[PDB]
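Protein chains in written order, with the deposited numbering: chain R, 1 to 102; chain E, 53 to 207; chain 0, 2 to 56; chain J, 2 to 145; chain L, 1 to 49; chain S, 1 to 110; chain Q, 2 to 119.
Note that the Cβ used here is the ideal one computed from N, Cα and C, for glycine as well.
Structure first, then comments.
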Amino acid sequence: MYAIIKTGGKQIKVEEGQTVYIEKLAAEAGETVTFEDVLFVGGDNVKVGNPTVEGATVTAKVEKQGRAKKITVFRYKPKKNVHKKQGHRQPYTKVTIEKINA
Amino acid sequence: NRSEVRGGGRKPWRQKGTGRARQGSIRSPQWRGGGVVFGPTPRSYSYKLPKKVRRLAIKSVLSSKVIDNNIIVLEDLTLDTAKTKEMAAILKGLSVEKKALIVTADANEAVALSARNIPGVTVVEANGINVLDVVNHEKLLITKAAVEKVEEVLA
Amino acid sequence: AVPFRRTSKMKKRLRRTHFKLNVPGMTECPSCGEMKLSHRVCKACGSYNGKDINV
Amino acid sequence: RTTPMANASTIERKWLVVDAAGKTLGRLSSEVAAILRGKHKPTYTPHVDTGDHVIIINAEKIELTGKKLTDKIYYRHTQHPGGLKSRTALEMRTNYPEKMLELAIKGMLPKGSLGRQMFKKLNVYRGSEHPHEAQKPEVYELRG
Amino acid sequence: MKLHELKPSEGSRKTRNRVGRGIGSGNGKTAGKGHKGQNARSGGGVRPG
Amino acid sequence: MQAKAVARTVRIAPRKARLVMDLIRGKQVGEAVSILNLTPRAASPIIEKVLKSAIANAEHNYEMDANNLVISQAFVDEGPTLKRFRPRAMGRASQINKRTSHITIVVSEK
Amino acid sequence: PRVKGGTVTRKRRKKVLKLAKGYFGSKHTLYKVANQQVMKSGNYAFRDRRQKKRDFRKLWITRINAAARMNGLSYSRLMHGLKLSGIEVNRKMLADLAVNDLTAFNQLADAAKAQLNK
RNA sequence: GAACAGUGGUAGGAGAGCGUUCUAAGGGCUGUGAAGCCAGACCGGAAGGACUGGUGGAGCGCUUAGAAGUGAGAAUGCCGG
RNA sequence: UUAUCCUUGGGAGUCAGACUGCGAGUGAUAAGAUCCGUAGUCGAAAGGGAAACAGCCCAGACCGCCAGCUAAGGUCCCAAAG
RNA sequence: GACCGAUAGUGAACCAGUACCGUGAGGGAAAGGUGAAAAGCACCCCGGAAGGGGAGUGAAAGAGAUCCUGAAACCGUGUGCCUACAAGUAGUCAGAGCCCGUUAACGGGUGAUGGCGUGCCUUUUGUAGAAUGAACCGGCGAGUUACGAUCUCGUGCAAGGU
Ligand SMILES: [K+]
Ligand SMILES: [K+]
Ligand SMILES: [K+]
Ligand SMILES: [K+]
Ligand SMILES: [K+]
Ligand SMILES: [K+]
Ligand SMILES: [K+]
Ligand SMILES: [Mg+2]
Ligand SMILES: [Mg+2]
Ligand SMILES: [Mg+2]
Ligand SMILES: [Mg+2]
Ligand SMILES: [Mg+2]
Ligand SMILES: [Mg+2]
Ligand SMILES: [Mg+2]
Ligand SMILES: [Mg+2]
Ligand SMILES: [Mg+2]
Ligand SMILES: [Mg+2]
Ligand SMILES: [Mg+2]
Ligand SMILES: [Mg+2]
Ligand SMILES: [Mg+2]
Ligand SMILES: [Mg+2]
Ligand SMILES: [Mg+2]
Ligand SMILES: [Mg+2]
Ligand SMILES: [Mg+2]
Ligand SMILES: [Mg+2]
Ligand SMILES: [Mg+2]
Ligand SMILES: [Mg+2]
Ligand SMILES: [Mg+2]
Ligand SMILES: [Mg+2]
Ligand SMILES: [Mg+2]
Ligand SMILES: [Mg+2]
Ligand SMILES: [Mg+2]
Ligand SMILES: [Mg+2]
Ligand SMILES: [Mg+2]
Ligand SMILES: [Mg+2]
Ligand SMILES: [Mg+2]
Ligand SMILES: [Mg+2]
Ligand SMILES: [Mg+2]
Ligand SMILES: [Mg+2]
Ligand SMILES: [Mg+2]
Ligand SMILES: [Mg+2]
Ligand SMILES: [Mg+2]
Ligand SMILES: [Mg+2]
Ligand SMILES: [Mg+2]
Ligand SMILES: [Zn+2]
């Protein structure tokens, strides 16, 4: 069994017991979180959403709220004395998928 | 500067043809051993505040010593012998642990001498009181005669 | 004509691939057992072809 | 993230036989180029060769429209001054039919190292018979 | 006051601008003088009036 | 067990000593002595003296057997350069680097 | 008071050379060229973080087309049909099914075919 | 804190900061190892800042304020290598 | 409907422009020519297209995303899509 | 002494107006640091010596005179990954394989192969530019100060202020 869920502005194929990194949710480590937008359920019984599978949900535990490894965004324009340096660490929420309720 | 460094009169080599950068003096500022561009020059840093601001400032720090309960008015301060041990005992008795400014009405040679060698104790006449000395000593020990003399001037 | 660019360490090292010595054409001396250049008198003991030379 | 990538361990190449007889040179070649690259496979991965081997038989029976048999010139240059040499498409199809197909397809493959590796999976034959029975090749019928 | 906790009146003191100390400042290179001409030169500029 | 010898600030250019070192690196000390003895280069007698100094150390200071020794390390490092000047045409002088070498050999039991 | 240059200069330059580790020859060794290459690396990485998104969508589309044509659909027709059937599974996910669960991909494709045949 | 809007940029104007040496006042660290130097996969939106280990062998941070010989990649720049 | 506009004061930089379209002159109704007028873009603008290509077509980069829809231009293969 | 600390500060911390250059007037350098103490390495060994390896001294000798620290360029030795069909502003993003194991992080090294990609600076209408500058590394190297003027901000007092 697996599901395609819509979280962030993105979609992720998830199995039960799978750790996934997603855009930051308003949640805390320990909290169960619920994905309500299941586009497709795979495995033995195949639900195709149109666009969503009605009544399907995926629960997940929040493991961690973090920020990713740092990106130094550096940009310059040759001959124009234009440089711009900016650090970036994108927030994420790490979740373990508990149950896919088709 | 490049005028004051020794030597450096002649052009080091001809303007054109050698393949070197053009140079005017061996003491131009990019040369090792050259003159300094705009370094320090002797000058004063003194300036005067208006006399009324000066009055305000000394009243402020005295009035701040009273708020902080760090003024000690003495009936009088009078040493028999100019002996440091006695001054140190007096300051112990008044619970003056750290730094203190001792203010007398006139020059008191014995008090001056006795406190001279104790670190962070300064003796001063009432005339000689000043903002930095007041703010830079925890306790202000002042005689009643000095208080009257300070009031006379500042009030 | 002068070098237009300096030569990198790598190109200098590639060029020196063949700048090497070879091992001498050496063989054990049958007389004294020291190594000698083949076809030369052995310097150590002065033998060549089972005869003393420096007699 | 999660997009699978084919690699040397994962990849499995079929052998295919394409009959050139009666096919238009460029229409056949464009399809074969795509097979050698692996564009027909869902596991297509742009930095490895996921393609299949292709045998082309009956290369000399390839067709060209218009006046191309007379008028399509194959130039080459020997890099010696004045060393432009030319063959017509008729001369190519008569005497060098394997080269003719190999040039068309080579020009339709990617150009660097992996492209050159992709070309090595092509095998073109003048006649109706190829020597690769041991590779057990299947007939591939060209689409539109 | 305490000499270890001195604090100027807000708005009484500003940091001086130091030109020709890099591109990030916005007065690197030409030190705010633009390009060439008499006004960019050391000792430069015409007399008042 | 290792024995080291070093010749510091020998007047020979490092590049020239390294030609010869490359012949003996990794060889058994018996073979290396032979090679150096039959290699006609300025560096050969200098490197021979270091090699023999290392063997002597191995025997005298550490009771190693000279028959079972191998050259385990062998390198040449740049010593300080003596700077000299050659007069050239048209009143110009040009630099001459009289380079020196630090020659190290380490012998060890096989 | 005089301020010697001191240690700030080498600290700053060392940091650039550390970012130039693994560059070829002088580009990992010499400050002025290491600095140019690290700068250039910034412009490239910015550009390439945008291109990466273009490149993966290109790759997914290629794979969906390959799987689609195994069900007798072109990518174009498939995507039209999926949109009509209301299916919002994206190209990253379709391409994943195409590789990992082709039977599921075929169901989605069969759903698309249904809408096109209407 | 919310909503809404905005955030390409040369000359150039404006703002907010980082770091350097020195001073004053707090407060501290250091032969149980200071500064400097070397290394690392750490931290901050940037300038930059730590931590750990090694070398080193005696000095040095921190806070607030002050003062400047205060920041280099280019000058066919100067000196040395 | 939109949010500019004016005054006073502090501080500038600029006074080599370029091409494109349209309206003129000069020229030969030549010039990637020159000189005005007018709009745009470059200058000081990265991204997509025009093979490559400051000035043309599309379009304005605060950062991140292995999401989606489109513009010009495209969909046999190189090369995404008939 | 909110002056310098050995490229600084005197040209000169040192046997410097020396050496050196010039017919001459004249020009004019470089060059500080063993250790608390010489306790400055008896003796043995290789070597003609230089220089080493031990042994001693010492807190330390990788403090042994070219002696505090000891960066970079540059020169080497070893080897984990890669490399002899490849067209390269040398990276970047994608990416197997192999080798590792950290300030424990959606880690580190290497990089077959794929996509994209004409250094930096200056000067220009416009420069990848077949325009200019830089061999490299290091150090040093450019809006300052005084006195006046004016504006903003701050503070004191205010028809007064000094
Ligand atoms: K200005
Ligand atoms: K340390
Ligand atoms: K320079
Ligand atoms: K016009
Ligand atoms: K001097
Ligand atoms: K590449
Ligand atoms: K020129
Ligand atoms: Mg003079
Ligand atoms: Mg000339
Ligand atoms: Mg000087
Ligand atoms: Mg291409
Ligand atoms: Mg300004
Ligand atoms: Mg500006
Ligand atoms: Mg600059
Ligand atoms: Mg200029
Ligand atoms: Mg001009
Ligand atoms: Mg101007
Ligand atoms: Mg002569
Ligand atoms: Mg400097
Ligand atoms: Mg924008
Ligand atoms: Mg210091
Ligand atoms: Mg300076
Ligand atoms: Mg330099
Ligand atoms: Mg005009
Ligand atoms: Mg024109
Ligand atoms: Mg301009
Ligand atoms: Mg504009
Ligand atoms: Mg543009
Ligand atoms: Mg293009
Ligand atoms: Mg440009
Ligand atoms: Mg295609
Ligand atoms: Mg100092
Ligand atoms: Mg020093
Ligand atoms: Mg001096
Ligand atoms: Mg003389
Ligand atoms: Mg040491
Ligand atoms: Mg000491
Ligand atoms: Mg030393
Ligand atoms: Mg070939
Ligand atoms: Mg090969
Ligand atoms: Mg090319
Ligand atoms: Mg021009
Ligand atoms: Mg010029
Ligand atoms: Mg040059
Ligand atoms: Zn013999």
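Figure out for me which residue from the options has the closest Cα to the Cα of residue i.
i, options, result
"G24 (chain L)", "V20 (chain R), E16 (chain R) and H83 (chain R)", "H83 (chain R)"
"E204 (chain E)", "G69 (chain E), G85 (chain E), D128 (chain E) and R107 (chain E)", "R107 (chain E)"
"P25 (chain 0)", "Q28 (chain S), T39 (chain S) and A17 (chain S)", "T39 (chain S)"
"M94 (chain Q)", "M1 (chain R), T7 (chain R), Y2 (chain R) and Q11 (chain R)", "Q11 (chain R)"
"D97 (chain Q)", "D37 (chain R), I22 (chain R) and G42 (chain R)", "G42 (chain R)"
"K135 (chain E)", "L146 (chain E), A164 (chain E) and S115 (chain E)", "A164 (chain E)"
"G8 (chain R)", "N101 (chain R), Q90 (chain R) and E16 (chain R)", "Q90 (chain R)"
"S108 (chain S)", "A89 (chain S), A66 (chain S) and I96 (chain S)", "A66 (chain S)"
"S166 (chain E)", "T133 (chain E), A73 (chain E) and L184 (chain E)", "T133 (chain E)"
Does residue i have its Cβ less than 8 angstroms from a Cβ in chain R?
i, result
"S86 (chain Q)", "yes"
"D49 (chain Q)", "no"
Consider the Cβ of residue i: report whether some Cβ of chain Q lies at a distance smaller than 8 angstroms.
i, result
"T71 (chain J)", "no"
"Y45 (chain J)", "yes"
"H41 (chain J)", "yes"
"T3 (chain J)", "yes"
"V95 (chain R)", "no"
Is there a C-beta anywhere in chain L that falls below 8 angstroms from the one on residue i?
i, result
"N188 (chain E)", "yes"
Check whether chain J comes within 8 angstroms of residue i, counting only Cβ atoms and requiring the distance to be less than that.
i, result
"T63 (chain Q)", "yes"
"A67 (chain Q)", "yes"
Against chain 0, with Cβ distances strictly below 8 angstroms, would residue i count as a contact?
i, result
"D22 (chain S)", "yes"
"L19 (chain S)", "yes"
Secondary structure, alpha helix (DSSP H): runs of 4+ residues fully inside the stretch 80-165 of chain E: The qualifying runs are 103-119 and 136-145.
Contacting positions in the stretch 38-55 of chain S - beta carbon closer than 9 angstroms to chain 0: Cβ contacts with chain 0 come from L38, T39, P40 and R41.
Meets three-Cβ-pair contact criterion under 8 angstroms: the stretch 48-64 of chain R and the stretch 20-36 of chain R: Contact holds: three or more Cβ-Cβ distances are below 8 angstroms.
contact_flag[the stretch 77-85 of chain Q, the stretch 110-118 of chain Q] where n(CB pairs < 8 angstroms) is 3 or more: Result yes; three or more Cβ-Cβ pairs closer than 8 angstroms.
Contact the stretch 165-181 of chain E vs the stretch 142-157 of chain E: 3+ CB pairs below 8 angstroms: Under the Cβ criterion (8 angstroms, minimum of three pairs), the stretch 165-181 of chain E counts as touching the stretch 142-157 of chain E.
Interface positions of the stretch 22-51 of chain 0 facing chain S (Cβ-Cβ less than 7 angstroms), listed along the chain: The residues in question are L22, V24, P25, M27, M36 and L38.
Chain-ordered residues of the stretch 51-75 of chain R with a beta carbon less than 9 angstroms from chain Q: Of all residues in the stretch 51-75 of chain R, those with a C-beta nearer than 9 angstroms to a C-beta of chain Q are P51, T52, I71, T72, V73, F74 and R75, reading in chain order.
Against chain Q: residues of the stretch 93-117 of chain J by CB proximity under 7 angstroms: Residues: none.
Sufficient close CB pairs (3 or more, under 8 angstroms) joining the stretch 51-69 of chain J to the stretch 124-144 of chain J: Judged by Cβ distances under 8 angstroms, the stretch 51-69 of chain J makes contact with the stretch 124-144 of chain J, as three or more pairs qualify.
Three-pair Cβ contact test at 8 angstroms for the stretch 136-143 of chain J versus the stretch 63-82 of chain J: Judged by Cβ distances under 8 angstroms, the stretch 136-143 of chain J makes no contact with the stretch 63-82 of chain J, as fewer than three pairs qualify.
Any 3 or more C-beta pairs closer than 8 angstroms across the stretch 35-48 of chain J and the stretch 54-65 of chain Q: With a cut-off of 8 angstroms, the stretch 54-65 of chain Q and the stretch 35-48 of chain J count as touching, because enough Cβ pairs lie within range.
Every unbroken beta strand (DSSP E) within the stretch 7-63 of chain R, with a cutoff of 3 residues, ordered by chain: Runs found: 10-14, 19-22, 32-35 and 38-41.
Contact the stretch 29-47 of chain Q vs the stretch 68-77 of chain R: 3+ CB pairs below 8 angstroms: Enough Cβ pairs lie closer than 8 angstroms, so yes.
Unbroken stretches of the alpha helix (DSSP H), 4 residues or longer, contained in the stretch 21-59 of chain S: You should have 29-37.
Where the stretch 3-25 of chain Q meets chain J: residues whose CB sits under 9 angstroms from a CB there: Within the stretch 3-25 of chain Q, no residue has a Cβ that lies closer than 9 angstroms to any Cβ of chain J.
Complete alpha helix (DSSP H) runs within the stretch 11-44 of chain J (minimum length 4 residues, chain order): 26-38, all fully within the stretch 11-44 of chain J.
Against chain Q: residues of the stretch 3-27 of chain R by CB proximity under 7 angstroms: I4, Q11 and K13: these are the residues of the stretch 3-27 of chain R whose beta carbon lies less than 7 angstroms from some beta carbon of chain Q, given in chain order.
Contact residues within the stretch 76-105 of chain Q, judged by C-beta distance below 9 angstroms to chain R: Contact annotation: in the stretch 76-105 of chain Q, residues whose CB is within less than 9 angstroms of a CB in chain R are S86, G87, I88, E89, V90, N91, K93, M94, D97, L98, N101, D102, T104 and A105.
Inter-stretch contact (C-beta, 8 angstroms, three-pair minimum) for the stretch 7-23 of chain L and the stretch 187-195 of chain E: In short, these stretches do not touch, since the Cβ pair count stays below three.
Segment contact flag, the stretch 26-34 of chain J with the stretch 104-113 of chain J, C-beta cutoff 8 angstroms, min 3 pairs: The stretch 26-34 of chain J, when compared against the stretch 104-113 of chain J, does touch it at the 8 angstroms Cβ threshold.
Contact the stretch 13-27 of chain R vs the stretch 91-98 of chain R: 3+ CB pairs below 8 angstroms: Touching, yes.
Inter-stretch contact (C-beta, 8 angstroms, three-pair minimum) for the stretch 72-87 of chain S and the stretch 13-21 of chain S: Yes: the two stretches touch, three or more of their Cβ pairs being nearer than 8 angstroms.
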